[PDB]
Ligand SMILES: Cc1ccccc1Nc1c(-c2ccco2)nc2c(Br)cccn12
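Quick heads-up: it's one chain on its own, the form solved without the ligand, in structure tokens.
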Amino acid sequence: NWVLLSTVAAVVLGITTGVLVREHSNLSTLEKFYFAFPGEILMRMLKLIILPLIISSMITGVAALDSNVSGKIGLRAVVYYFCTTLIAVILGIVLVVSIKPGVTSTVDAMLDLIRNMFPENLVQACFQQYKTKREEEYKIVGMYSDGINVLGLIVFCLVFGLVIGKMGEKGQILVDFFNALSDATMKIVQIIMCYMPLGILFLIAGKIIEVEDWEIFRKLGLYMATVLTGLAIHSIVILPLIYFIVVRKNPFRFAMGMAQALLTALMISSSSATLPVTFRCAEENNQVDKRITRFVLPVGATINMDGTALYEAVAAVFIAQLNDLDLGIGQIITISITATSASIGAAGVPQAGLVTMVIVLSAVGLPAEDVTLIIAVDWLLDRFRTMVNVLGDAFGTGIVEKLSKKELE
């Protein structure tokens, strides 16, 4: 594949250029800023595109989710993809606080989630964010600090996406305007990813120059041991339990029937690319009828956020812990809800692991140029994330036969 091979060949040459400058020359504090300029322009190019990508892919992802939730079968998969998303948020927050990869009020930060879901302006929500601060027996002021409001542009586009879906023929030009705006801002991300090999070369090399000790290669080992532990309690302990609670039919036999599509997800790392394969393995091996697989698998490519909350919401807390933030427990729930929501906006993006992380790091107020620690090993962890998304969707096929049995007639 091109986009995988070229990114690995730019991480290898990024470390090759990176140690042949710090151990072979000596740059100033200014010339280590001009050396990381082609990787600076990539971070401006990526933040440029997340505003028409959030707005267009949330409006069309939700206005096409209607008529894919027809009946009660499409409602008994929205409850399932919210019940295992909420457990994956709790499992991602617990595992990043217990392990703490990258080390050494709370009510006023949970009421800013609900304040930022409903902004006071839709144009200010594209570049500003409401943060409140207790001061003086106390009183409370609000500031509107900078940084994009991703939570309020997603709650509004989820409401605006439901309204124009149900409007019928009067709101067909609004679905057609944003379907074409979503196709046009996924062909610009394909143009940016033709520059992304050159940009991550000078982004990796600008980090190995400034790094003086190999402690950051240990915090990058405890990060892969928090993602591969979040994505191994979910595939072994959490999701085979949820199947066995309602469907008493041995969940380790269900996964062996899907072993052709689990092994295919380790080679592509894209859920919508092996979506023709997981259709072919579910019906023939597990003996499930086609009227419920065609109703939960198209909603399971928009709503299945089990893998994001264990990978991109552990990465975005690891970056925040890397900058010596204490974060409390109220700004961790702020991050893991912004990281889980931003993956619905970065829905079918080509390099959807890199783009989603630039959305959350720009939203929660972190340096987006710290994503180059994550894309060094993103090609290992995105393969295993979509093995959970394929296994999570396959258990979402065999669960809605059991709550929907009298509905099929």
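Shifts are known only where both forms have a C-alpha. We call the rigid core the largest set of C-alpha positions that still match within 1.5 Å between the two forms. The first residue of the sequence shown is number 1, and the count goes up from there.
Unmodelled deposited residues between residue 136 and residue 137: 10 or more, per the record. The entry shows a gap from residue 104 to residue 105, with 10 or more unmodelled residues of the deposited sequence in between.
This next part talks about the form solved in complex with the ligand, which is not shown.
Exactly one of the stretches 282-290, 137-145, 207-215, 330-338 approaches the ligand in the deposited complex with heavy atoms within 4.5 Å, and it is 330-338. A residue is said to contact a partner when one of its heavy atoms sits within 4.5 Å of a partner heavy atom; residue 85 meets this definition for the ligand in the deposited complex. Taking the partner from the other structure, the ligand in the deposited complex has no heavy atom within 4.5 Å of any heavy atom of residue 368. Within this chain, residue 344 lines the site of the ligand in the deposited complex, having a heavy atom no more than 4.5 Å away. Although the partner is absent here, residue 78 sits close enough that one of its heavy atoms falls within 4.5 Å of the ligand in the deposited complex. A single residue from the set 201, 320, 89, 262 has any heavy atom within 4.5 angstroms of the ligand in the deposited complex; that residue is 89. Shown without its partner, the chain has 303, 305 in segment 291-307 as residues with a non-hydrogen atom within 4.5 angstroms of the ligand in the deposited complex. After superposition on the rigid core, only one stretch of three or more consecutive residues whose Cα atoms move by at least 2 Å between the shown form and the other one is found, at 266-268.
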